[PDB]
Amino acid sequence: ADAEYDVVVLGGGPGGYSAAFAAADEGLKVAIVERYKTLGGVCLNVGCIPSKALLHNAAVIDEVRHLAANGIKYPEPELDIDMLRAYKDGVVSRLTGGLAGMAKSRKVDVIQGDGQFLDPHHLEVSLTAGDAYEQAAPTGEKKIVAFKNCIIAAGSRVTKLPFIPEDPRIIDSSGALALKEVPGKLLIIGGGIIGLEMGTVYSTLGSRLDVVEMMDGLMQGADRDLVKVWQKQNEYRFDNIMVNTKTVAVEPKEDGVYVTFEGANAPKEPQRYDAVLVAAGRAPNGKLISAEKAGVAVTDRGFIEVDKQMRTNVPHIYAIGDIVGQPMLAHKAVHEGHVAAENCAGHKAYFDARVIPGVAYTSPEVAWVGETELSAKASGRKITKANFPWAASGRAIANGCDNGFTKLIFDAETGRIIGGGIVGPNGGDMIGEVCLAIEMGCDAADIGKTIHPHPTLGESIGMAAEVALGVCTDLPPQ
């Protein structure tokens, strides 16, 4: 009754704003409903971009220490946390500003409010106010927005653990990115990538680390051999790496937060920390938007299941990004958003989920895509693997990262590449070649005969394929 659109996008994250801009490029009249002032969602405001910005600066600090043995001597740096925090916020504010300008240029209306479904064709938007991301309150004003199509892109939120009380020293990923102080002793609860990245940053800045994980290893889903290389190089940062251990008590006290662990190789006495980072996963927000009032089905865990066109059970309502399933990754959200937008424009478009890369921007990076040794064993798929160790790379040796490696995985029956993994610097920038090779159905001969430049880390992809064919001359005979 207050406004009508071809497409209303609920949430302005990588999924939502990509969907909205794509729909507008197709000539549709679009609106984004986003409860906070800035676009870009979790990835831009409190996720990928600020975390990788801190990680990049931290990695140079680490490189500088290794420069002295090469005759380039620097002291320890003087660290100004206030200027480091402003540098990271300055990257985000440059990007959020650009996104707003791009919305206005594409004539996409941006509404600041909390959206809730009224019926299959209307959102009720409780308008919000506040400029800072994650800090907006309802004004009390309400606006009803009618749509032909809705694209649900309401993302995820930090998973909470019930047994952990509230205390300013107990933080989540957003608290970590706020960079209030460098704690002397930092506990990471949860072994996943997001907490390990934050630990890397704080470790380089001066924090001692512990980490606890109920499951059997860190970075669940990554092949163990990549994680083993990451762990060996990072062991010096940690006083306790505790896997298969339960966290039973978090007790804040005057001089620290005291945490108790039950594990076969975990200490028994409670451990004091200056800060505790809860990074135990993220939960989708499907149950929080009144979707049933639109007829949209939502699972018990809060996911909104979609078909390959990104359609919910309600044919004119789509859903994309973290809220439809794993993996919760920004580049998935973007592509899914393109697919949903083109279907809103009447162009039959489908989303292929087989090749979605994952990257830990730790030091070293851990990048992988497609079939893993873990999944192949779980499904029974017969595979062959080819591994090129960076101990054989003049580039890696010169650069001081000769402990990395590049691994390719092929289907045993067909010979096609179906997966790949890289541990070592720039893995994230190199895994795209593996993604493309899987998409194209390459075999080992396709990749090995492709002439990669020397001396690079990227040529390890071609040489690993040469390993698969038995004709790598930079390694012993195979």
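Residue indices: 1-based, along the sequence shown.
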| item | value |
| --- | --- |
| Mean temperature factor over C-alpha atoms, higher-scoring stretch between 326-334 and 104-112 | 104-112 |
| 215-223 or 393-401, whichever carries the higher mean Cα B-factor | 215-223 |
| Residue selected from 237, 88, 160, 232 by maximal Cα B factor | 160 |
| Deposited CA B-factor, highest of 137, 291, 95, 201 | 137 |
| Assigned third (lowest, middle, highest) for the C-alpha B factor of residue 197 | lowest |
| Chain third (lowest, middle, highest) by recorded CA B-factor, residue given as residue 258 | highest |
| Ranked C-alpha temperature factor of residue 439 among modelled chain residues, by third | lowest |
| Relative C-alpha B-factor of residue 365, binned into the chain's lowest, middle or highest third | lowest |
| Lowest, middle or highest third - CA B-factor, residue 77 | middle |
